[PDB]
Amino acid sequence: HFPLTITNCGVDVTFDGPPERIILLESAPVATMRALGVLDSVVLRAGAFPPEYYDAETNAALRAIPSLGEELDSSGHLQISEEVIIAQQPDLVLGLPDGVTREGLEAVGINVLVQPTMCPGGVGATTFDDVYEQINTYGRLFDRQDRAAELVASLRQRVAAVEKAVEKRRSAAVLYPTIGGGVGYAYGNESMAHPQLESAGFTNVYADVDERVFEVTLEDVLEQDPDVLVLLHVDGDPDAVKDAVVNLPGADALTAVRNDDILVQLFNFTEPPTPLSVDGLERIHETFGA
């Protein structure tokens, strides 16, 4: 049903038909778009698109989608200007990098969508329903509702299988380390990390933090001393990601470090809510067992 309105971070974003000139400023949408078969709607991309996320054909498609840049900062944030984006005359931009504003894009007729749990301000505790609701939204946006419904059903079944196995409690945290040294950031109950950990049978040590992601010191993580750690990174060498934690002075005081109960995985296997979050759930479950 078009015209379609999507409410996004409080804003009504209206589409008279499916978008045809999309710029991807984040990798999250690709997990759903490749299943719906709508990658031809993407004209440009920016940032990292790890091939580990995708099937071979999708990776070949991405190599043929030109890039507006790949420079990330130490927190994995894309560096790109609003003027560069506007110059391409897109009809839809997915993601808002630092310093790129919804208002600036909307002012010249460009629609903007952000992943709902990355809206500024409170978004409430995240669940696997946030994966499914976003897939159903993409189903409407691209007029692929039947395909979206089949994707949701397949994912729900896989999540149910992990939760059943678990039904037949260790603590955990998910972090985003700083390369060169530092535990960096942790994920609270607005992150996809939170329901991922809980569905895998863990207690999230930051379950009571009503934030998505927040800075932590080693001392902070030590006070929680989670049995297990998951370390995320947008790209680059996972050895350096683990070293950013385990080679810190005093880090051997961590149970997870002593027992080597540490999983390093690429960002979208946890955050934000996408089909890849279900892959991540399975990975955590198979790695640390139940």
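Throughout, we count residues from 1 along the sequence that is shown.
For this session: Using none, 1 to 3, 4 to 9 or 10 or more, say how many deposited residues go missing between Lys168 and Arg169.
Result: According to the record, 4 to 9 deposited residues lack coordinates from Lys168 to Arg169.
Exercise. Hey, which bit's got the bigger mean C-alpha B factor in the entry, 20 to 28 or 277 to 285?
Worked result: Result of the comparison: 277 to 285.
Problem set entry | Stretch exceeding the other in mean C-alpha B-factor - 209 to 217, 155 to 163 | Going by the record's values, the stretch with the higher mean is 209 to 217.
Exercise. Of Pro120, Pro195, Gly139, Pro97, which one's C-alpha B factor is largest in the deposited record?
Worked result: Top of the list by C-alpha B-factor: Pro120.
For this session: Can you pull the Cα B-factors for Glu71, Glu150, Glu106, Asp129 from the entry and say which is highest?
Result: By C-alpha B-factor in the record, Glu71 ranks first.
Problem set entry | Modelled-residue ranking by C-alpha temperature factor, third containing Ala186 | Its C-alpha B-factor, which the entry lists for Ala186, ranks in the middle third among residues of this chain.
Exercise. If you rank the chain by CA B-factor, which third does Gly250 end up in: lowest, middle or highest?
Worked result: It falls in the top third of the chain.
For this session: Sort the modelled residues of this chain by their C-alpha B factor and say whether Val230 lands in the lowest, middle or highest third.
Result: Lowest third, going by the recorded CA B-factors of the chain.
For this session: Comparing against every modelled residue in the chain, figure out the third that the C-alpha B-factor of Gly236 lands in (lowest, middle or highest).
Result: Highest third, going by the recorded CA B-factors of the chain.
Exercise. C-alpha B factor of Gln115, ranked within the chain: lowest, middle or highest third?
Worked result: It belongs to the lowest third of the chain when residues are ordered by C-alpha B-factor.
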